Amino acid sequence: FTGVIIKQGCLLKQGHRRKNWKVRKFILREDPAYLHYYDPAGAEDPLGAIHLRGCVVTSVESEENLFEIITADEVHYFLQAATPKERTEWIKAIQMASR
């Protein structure tokens, strides 16, 4: 879990139970492929981490610039980028890491 950082930046993430959206900082690493997320300063312990090998990442039509990751074991993460370019860049990086 300590490798080179492939991409980082903030995204809004939906919580599972109450469905609110919160800004978190995300960091994608390889070997193994994982997406960790943090408090938006990136200063504290990670909040969580998503194992990406074999995941499905999909752009979701409209909340704007939505996309979803479903891990290989069927855990869903619903995310929103601040711009269409950032959704396109995150999907391409997760799809390449997921191989």
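Position 1 is the first residue in the sequence shown; the rest follow in order.
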- Split the chain's modelled residues into thirds by Cα B-factor; is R24 in the lowest, middle or highest one? middle
- Going by the entry, which third of its chain does the Cα temperature factor of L35 land in? middle
- Task: Compare the C-alpha B factor of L12 with those of the other modelled residues in its chain, then answer lowest, middle or highest third.
- Result: middle
- Message: Using the temperature factors of the C-alpha atoms in this entry, rank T58 within its chain: lowest, middle or highest third.
- Response: lowest
- Once the chain's modelled residues are ordered by C-alpha B factor and cut into thirds, is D45 in the lowest, middle or highest one? middle
